[PDB]
Each structure stands twice: as C-alpha cells, then as structure tokens.
Colleague: 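Sharing a structure below in structure tokens format, with a few things to ask.
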Number of protein chains: 2
Amino acid sequence: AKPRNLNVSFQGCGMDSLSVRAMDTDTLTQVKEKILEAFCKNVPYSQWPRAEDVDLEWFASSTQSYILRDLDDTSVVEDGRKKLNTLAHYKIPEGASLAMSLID
Amino acid sequence: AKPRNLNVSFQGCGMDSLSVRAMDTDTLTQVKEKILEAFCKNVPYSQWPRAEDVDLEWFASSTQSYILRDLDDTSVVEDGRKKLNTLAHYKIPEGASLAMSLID
Ligand SMILES: [As]
Ligand SMILES: [As]
Ligand SMILES: [As]
Ligand SMILES: [As]
C-alpha cells in the first residue's frame with residue numbers, strides 16, 4: 001500500500017490536467033474529495049461539486065474505462081456486507097490517467 | 001441599442017476566455033445565463049452554476065471594476081419601483097473584458 005500520483009483531467013471545459021496524490025487505502029469518495037480540493041482550491045467551498053455530483057473514470061485501455069466508485073458490483077462482500085472500494089481495489093497504477101466528469 | 005460581444009473569463013480555474021454575444025437590452029441575469037450557456041455547454045444543466053451563484057465584473061479601468069447586477073444602487077427608480085439594470089445601463093462597450101466569479 002503506497003501513495004498514487006494520478007493525472008486527472010476534469011472533463012467539460014478546457015482546464016489543464018492536474019497531478020493529484022491519493023493513497024491506495026483512500027476510498028474513492030476520499031479520492032474524489034482530494035481531486036475536487038485540487039481543482040477547486042480557488043473557488044468558495046459552497047460552490048464546489050460534491051463527490052456525488054461527479055464520476056471518476058480510469059482509462060485502463062484504449063477501449064476500456066472503468067468508473068471508480070465506493071460501492072459497485074466489483075466490491076468485496078464480507079460477512080453479508082459490501083466493503084468500500086479503495087484506490088488499491090481497482091489496482092490503479094502510478095501515473096494513471098483519470099477523468100472526472102459532472103453527472104446528472 | 002445593439003448586440004455586444006463580450007470577452008468573458010471565468011475566474012477560479014485556468015479556462016480560456018470566451019467571446020459571448022449579449023444584447024444591450026438583456027438584463028444582467030440574462031447576460032449571466034448567456035455566459036453560463038457558453039461556458040457550461042458540455043456539462044449537464046443540473047450541475048451549472050446559477051445566475052445567483054456568480055458575480056460578473058467589468059474591468060472599466062486598471063483600478064476600477066464594477067460588479068454588474070440586475071438591481072443595485074445605480075438602478076433607475078421609476079414611479080416608486082427600481083427598474084432592472086441592463087447591459088446598456090452600465091454602458092458596456094463592444095469587446096469589453098468581463099470576469100465571471102463563483103461566490104459564497
Ligand atoms: As468543468
Ligand atoms: As472548481
Ligand atoms: As471555475
Ligand atoms: As461549467
């Protein structure tokens with residue numbers, strides 16, 4: 001378990017990508033929080049998108065992208081409860097290209 | 001009364017400025033709506049900032065900027081009611097540089 005430096009683009013407008021450091025053990029909500037803190041640092045917090053307002057997609061291949069969520073159908077189920085997905089759960093590599101998107 | 005092409009920056013992230021056409025007779029809410037439509041075209045409408053979430057500032061001089069609102073203390077008062085400020089009310093020139101900002 002180590003830190004991961006992610007190259008995140010925020011899709012929808014022509015912003016530059018940002019390098020964001022997250023932890024393998026961060027839940028993907030926490031990963032989103034860190035990304036939003038990085039992108040929205042110069043804006044009042046009352047106006048930031050929330051974790052629930054955005055998807056985070058990992059471009060694993062040219063043809064395969066995986067939407068990274070806390071809970072989904074790849075989540076470990078333990079003693080009758082789902083466990084939260086972490087960055088390490090999806091085996092996200094160092095320098096991975098991620099895209100963040102506002103959703104309906 | 002004519003159209004005005006405004007050079008609008010959206011401050012807070014490193015987006016390029018956009019040229020936005022507004023009418024002299026547009027209320028500043030309508031001007032904001034047109035600007036948000038231009039900047040947020042590729043994002044779901046449920047996630048756009050609203051007119052009330054942003055200020056629009058006109059850099060009239062190097063040292064003077066005026067926040068452009070529908071109603072303020074420069075508004076014409078007629079028969080006991082304030083009249084909505086328009087783009088023409090502030091005498092905004094063609095090719096004017098404006099900045100839009102998210103507010104608390
Ligand atoms: As955006
Ligand atoms: As932001
Ligand atoms: As912004
Ligand atoms: As937008």
Side-chain angles (χ1 to χ4, degrees), chain A residues 8-18 35-40 42-51 53-54 100-104, chain B residues 1 3-40 42-51 53-56 58-60 65-68 70-76 80-82 84-90 92-104:
Chain A
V8 184
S9 46
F10 200 142
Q11 300 196 329
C13 34
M15 298 181 62
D16 283 343
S17 314
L18 282 183
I35 290 175
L36 287 156
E37 279 179 23
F39 276 108
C40 303
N42 298 309
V43 168
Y45 177 80
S46 55
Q47 300 290 6
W48 293 12
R50 307 312 185 199
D53 293 311
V54 298
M100 172 166 289
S101 268
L102 282 156
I103 65 92
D104 202 3
Chain B
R4 301 287 162 174
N5 293 293
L6 307 164
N7 293 117
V8 184
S9 46
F10 200 142
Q11 300 196 329
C13 34
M15 298 181 62
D16 283 343
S17 314
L18 282 183
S19 202
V20 179
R21 203 211 208 213
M23 292 298 311
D24 274 344
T25 41
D26 286 350
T27 68
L28 276 134
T29 289
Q30 287 172 327
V31 168
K32 290 175 167 178
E33 288 169 2
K34 286 177 178 185
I35 290 175
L36 287 156
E37 279 179 23
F39 276 108
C40 303
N42 298 309
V43 168
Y45 177 80
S46 55
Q47 300 290 6
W48 293 12
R50 307 312 185 199
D53 293 311
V54 298
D55 272 334
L56 189 60
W58 169 42
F59 311 146
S65 82
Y66 316 138
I67 293 151
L68 311 174
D70 276 359
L71 290 170
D72 64 29
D73 295 22
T74 74
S75 297
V76 168
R81 277 185 180 76
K82 288 198 177 180
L84 284 188
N85 292 346
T86 60
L87 196 59
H89 176 78
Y90 292 101
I92 305 304
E94 179 72 352
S97 299
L98 301 183
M100 172 166 289
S101 268
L102 282 156
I103 65 92
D104 202 3

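Numbers restart at 1 for each chain; the letters A, B, ... are given by sequence-line order, proteins then strands. Worth knowing before you read on, the calculation uses all heavy atoms, side chains too, and leaves out hydrogens, waters and symmetry mates.
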Colleague: Test side-chain contact (heavy atoms from CB on, under 4.5 Å) on B/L102 and B/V54 and set out the steps.
Modeller: CA-CA 4 Å; B/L102 282 156; B/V54 298; 3.8 Å; yes
Colleague: Closest approach of B/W58 and B/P93, non-hydrogen atoms and distance?
Modeller: CZ2-CD, 3.5 Å
Colleague: What are the two closest heavy atoms between A/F39 and A/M15, and how far apart are they?
Modeller: CD2-CE, 3.4 Å
Colleague: Please determine whether side-chain contact (heavy atoms from CB on, under 4.5 Å) holds for the pair B/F10 and B/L36, giving the CA-CA distance in whole Å, both sets of side-chain angles, and the decisive distance to 0.1 Å.
Modeller: CA-CA 9 Å; B/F10 200 142; B/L36 287 156; 4.1 Å; yes
Colleague: Any side-chain donor paired with an acceptor under 3.5 Å for B/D55 and B/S101?
Modeller: no
Colleague: Of all heavy-atom pairs between B/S65 and B/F59, which one has the smallest distance, and what is that distance?
Modeller: CB-CD2, 3.8 Å
Colleague: If I take atom CG from residue B/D16 and atom SG from residue A/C13, how far apart are they, to the nearest 0.5 angstrom?
Modeller: 10.5 Å
Colleague: Check whether B/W48 reaches the backbone of B/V43 with its side chain - one donor and one acceptor, N or O, closer than 3.5 Å.
Modeller: yes
Colleague: Find the distance between CD (B/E33) and CG (B/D26) and round it off to the nearest 0.5 Å.
Modeller: 9.0 Å
Colleague: Heavy atoms only: give me the nearest B/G95-B/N7 pair and the separation to one decimal.
Modeller: O-OD1, 3.3 Å
Colleague: Which heavy-atom pair separates B/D24 from B/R4 by the least distance, and what is that distance?
Modeller: OD1-NE, 2.9 Å
Colleague: First locate atom CG of B/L28, then atom CD1 of B/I35, and finally report the distance between them rounded to the nearest 0.5 Å.
Modeller: 8.5 Å
Colleague: What residues, two or more places apart in sequence or in another chain, satisfy side-chain hydrogen bond (donor to acceptor under 3.5 Å, both in side chains) together with B/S19?
Modeller: none
Colleague: Look up atom CG in B/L71 and atom CZ in B/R81, then write down how far apart they are to the nearest 0.5 Å.
Modeller: 12.5 Å
Colleague: Using side chain to side chain contact (heavy atoms under 4.5 Å, CB included) as the criterion, point out the one residue from B/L6, B/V20, B/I92 that pairs with B/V31.
Modeller: B/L6
Colleague: Taking all non-hydrogen atoms of both residues into account, name the closest pair between A/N42 and B/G12 and its distance.
Modeller: CB-O, 3.5 Å
Colleague: How many angstroms lie between CG in B/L98 and NZ in B/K32, if you round to the nearest 0.5 Å?
Modeller: 11.5 Å
Colleague: Quick one: does B/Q47's side chain have a donor or acceptor within less than 3.5 Å of a partner on B/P44's backbone?
Modeller: no
